[PDB]
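Colleague: Quick one: the structure is below, and I'll ask about it shortly.
Only the coordinates and a few stated rules stand behind these numbers; no lab work does. Neighbour counts run over all protein chains shown; Cβ positions are idealised from the backbone, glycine included.
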Amino acid sequence: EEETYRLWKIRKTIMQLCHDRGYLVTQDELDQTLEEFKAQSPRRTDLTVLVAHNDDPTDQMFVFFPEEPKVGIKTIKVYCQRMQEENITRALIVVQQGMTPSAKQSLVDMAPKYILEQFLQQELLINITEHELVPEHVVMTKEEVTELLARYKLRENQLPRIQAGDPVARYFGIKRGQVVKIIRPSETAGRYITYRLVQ
Amino acid sequence: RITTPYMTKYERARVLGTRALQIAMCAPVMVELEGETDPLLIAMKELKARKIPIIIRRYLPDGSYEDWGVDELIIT
Amino acid sequence: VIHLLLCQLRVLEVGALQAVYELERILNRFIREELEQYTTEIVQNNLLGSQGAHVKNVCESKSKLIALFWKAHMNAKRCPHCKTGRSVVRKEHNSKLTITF
RNA sequence: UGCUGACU
DNA sequence: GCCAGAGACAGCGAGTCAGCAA
DNA sequence: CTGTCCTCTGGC
Ligand SMILES: Nc1ccn([C@@H]2O[C@H](COP(=O)(O)CP(=O)(O)OP(=O)(O)O)[C@@H](O)[C@H]2O)c(=O)n1
């Protein structure tokens, strides 16, 4: 019954990850304890969640928990079919051992039609975003980046870079070309604000 | 129009240097010198009286510039 | 690889830095006509940036691209069009290059 | 240029 | 194609004064 | 005298 503890931690972390992306999540899911998780729900196909977005109610996300410890191209297709038929665009695949290396470039191959993304199970046992040293990241909107570049007379290159595989760019699901504001809690100035172009 | 109103120390240094190099090349002194042979003392005397017709052209990191007057600049 | 790198260089020359990964993904999802349309659209809509291309983060990308090319794609290989075109140049100490039969 | 001493 | 075997290869504080031999 | 390259080589 440690499998259930792992399932509960991963589900709580994914609920927090979905709330930080701006999806409609209730307080109970974010404050759900183990005794009630196991009360509700055992399997790995009824842990799949489907969440809606604050705006764009059609824009929803779908979280998978594949059974195969090493997901492959066929496993990816089997529920890319589910997504294509239910009419969703985004997904999130929590894998237990990894993805066979061809799969990673397949997930990338699926054009903005159906954009997927993978997360290891050991990466979700804790919320890195809740570490002391990790600042708060905020994906800037297309109209705030323009005002930033205009205030500092900048170009989008010539800005600090954040890797597209950064453990906190993968969590906040930030695509390339997006600028993220970062609020460092500084011992010197309190709440220093920086900006990083995702690339 | 958006940069600091005061005159940085580097600007004071360069303005004094240039005014002194001008005075030394036989330029008219608008400060009524009183027996001093140093052009840098004369340049300081002029800076204190707010008589220096030079235009500090502050360059921003993208090529854009702002032209300030040495008179319209708070000397500390 | 030849055409991908050609287009990536064409876009780097003007500064466009997202075009690099965009071209690579356009390729993998798919050759010259597929890539040259996007690359010309970039180089046209993003010109006026030949002076704003001599910045760090634009030199690192070109450095990495050309280094990876010279390091991974210039090894002796059986020839594509004629299967027996490995006239193995193999250079001894400088001032010496030896082709075989 | 070199090499052998020496100074802070 | 995956990653050891290496085997090159490059770096190694600042300034100063002499003499002697080639 | 150390650490990365980094260009093979070599085996697999
Ligand atoms: N090779 C060297 C030797 C010396 N120096 C410089 O000379 C200073 C005095 O040397 P020093 O040997 O007299 C040390 P100090 O603390 O003054 O000695 P004390 O305990 O007897 O009072 C050092 O601190 C360096 O700045 C150098 O640059 N390279």
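Colleague: Hey, got the average number of other protein chain Cβ atoms within 10 angstrom for residues in A:101-114?
Modeller: Mean inter-chain Cβ contacts per residue within 10 Å come to 1.
Colleague: Can you tell which of B:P53, B:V29, B:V15 lies farthest toward the positive end of the dipole of chain B, using +1 and -1 charges on the Cβ of basic and acidic side chains (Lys, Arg; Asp, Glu)?
Modeller: So the residue furthest toward the plus end is B:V15.
Colleague: Further question on the same structure: Which whole-angstrom value gives the distance between the alpha carbon centres of segment C:28-101 and segment A:8-80?
Modeller: If you average the Cα positions of each part, the centres end up 43 Å apart.
Colleague: For segment A:1-97, what percent of Cα pairs sit more than 19 Å apart?
Modeller: 45 percent
Colleague: Let me ask another. Taking segment A:118-196, which chymotrypsin sites (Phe, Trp or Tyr not before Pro) meet the DSSP loop condition and have no more than 14 other C-beta atoms within 10 Å?
Modeller: Within segment A:118-196, the qualifying chymotrypsin sites (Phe, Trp or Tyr not before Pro) (loop, at most 14 other Cβ atoms within 10 Å) are A:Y152.
Colleague: Please rank C:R25, A:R90, fewest neighbouring Cβ atoms within 10 Å first, as an exposure proxy.
Modeller: C:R25, A:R90
Colleague: How do A:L7, A:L34 rank when sorted from fewest to most other Cβ atoms within 10 Å of their own Cβ?
Modeller: Exposure proxy ranking, most exposed first: A:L34, A:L7.
Colleague: So what does log10 I(q)/I(0) come out to for the protein assembly as shown at q = 0.10, 0.14 Å⁻¹, using the Debye formula with one equal point on every Cα and no solvent?
Modeller: Taken in order of the listed q values, log10 I(q)/I(0) reads -0.88, -1.29.
Colleague: Restricting things to alpha carbons, find the Rg to Rh ratio for chain A using the Kirkwood radius for Rh.
Modeller: Across chain A, the Cα-based Rg/Rh ratio is 0.99.
Colleague: Please rank A:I14, B:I56, fewest neighbouring Cβ atoms within 10 Å first, as an exposure proxy.
Modeller: B:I56, A:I14
Colleague: Considering the dipole of the protein assembly as shown built from charges on the beta carbon (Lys and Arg +1, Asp and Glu -1) around the Cα centre, which of C:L23, A:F119, C:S87 is farthest to its positive end?
Modeller: Comparing the listed Cα positions along the dipole, C:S87 ranks first.
Colleague: Under a Cβ-Cβ cut-off of 14 Å, what is the net charge of the residues other than B:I54 that fall near it, where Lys and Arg count +1 and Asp and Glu count -1?
Modeller: +2
Colleague: Next up: At a temperature of 10 °C and a viscosity of 1.306 mPa s, determine how fast segment A:15-65 diffuses translationally according to Stokes-Einstein, using the Kirkwood radius over alpha-carbon pairs as Rh; express D in µm²/s, rounded to the nearest whole number.
Modeller: The estimated diffusion coefficient comes to 133 µm²/s.
Colleague: Using only the alpha-carbon atoms, what does segment C:1-76 span along each of its principal axes? Please give whole angstrom values in decreasing order.
Modeller: 40, 27, 15
Colleague: Please tell me the relative contact order of chain B in percent, rounded to the nearest whole number, where contacts are Cα pairs under 8 Å and at least six residues apart.
Modeller: Computed over chain B, the figure is 33 percent.
Colleague: A further question on this structure: Using only the alpha carbons of segment C:1-42, determine the length spanned along each of the three principal axes and report them from longest to shortest in whole angstroms.
Modeller: Computed over the Cα atoms, the extents are 25, 18, 15 Å.
Colleague: Under a straight-distance cross-link criterion of Cα-Cα below 17 Å, which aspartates and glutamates are reachable from A:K113, leaving out those fewer than 8 residues away in the same chain?
Modeller: Within reach: A:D56, A:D59, A:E85, A:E86, C:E22.
Colleague: Could I ask something else about it? Please sort by residue number the trypsin sites (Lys or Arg not before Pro) in segment B:20-76 whose DSSP state is loop and whose Cβ has at most 12 other Cβ atoms within 10 Å.
Modeller: When the trypsin sites (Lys or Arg not before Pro) of segment B:20-76 are filtered for loop state and at most 12 Cβ neighbours within 10 Å, B:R50 remain.
Colleague: How large is the dipole of chain B about the Cα centre if only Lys and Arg carry +1 and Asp and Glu carry -1, each at its Cβ, rounded to the nearest 20 debye?
Modeller: That gives a dipole near 160 debye.
Colleague: Still on this structure: Helix B:9-24 versus the longest principal axis of chain B: what is the Cα-based angle in degrees, 0 to 90, to the nearest 10?
Modeller: 40 degrees
Colleague: Related question: Give the average, rounded to an integer, of partner chain Cβ atoms located within 10 angstrom of each Cβ in A:151-157.
Modeller: Whole-number average of other-chain Cβ neighbours for A:151-157 is 5.
Colleague: Which value, to two decimals, describes the C-alpha radius of gyration of segment A:101-163 once divided by 2.2 N^0.38 Å?
Modeller: Scaled against compact globular proteins, the figure is 1.59.
Colleague: Over chain B, one equal point on each Cα, no solvent: what is log10 I(q)/I(0) by the Debye formula at q = 0.12 Å⁻¹?
Modeller: -0.35
Colleague: Okay, moving on. Let's see if you can work this out: charge +1 on each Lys and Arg Cβ, -1 on each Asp and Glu Cβ, no other charges. What is the dipole magnitude of chain C about its Cα centre, in debye to the nearest 20?
Modeller: Value, rounded to 20: 780 debye.
Colleague: Could you list, bin by bin from short to long, the percent of Cα-Cα pairs of segment A:127-199 in 10 Å steps?
Modeller: Per 10 Å bin, starting at zero, the Cα-Cα P(r) for segment A:127-199 comes out as 19, 50, 28, 2 percent.
Colleague: Then there is this: As a test of the formula, what do you get for the protein assembly as shown when each DSSP H run with n ≥ 4 contributes -39,500 (n - 2.57) and the sum is divided by the residue count, at 222 nm and rounded to the nearest 500 deg cm²/dmol?
Modeller: It comes out at -11500 deg cm²/dmol, rounded to the nearest 500.
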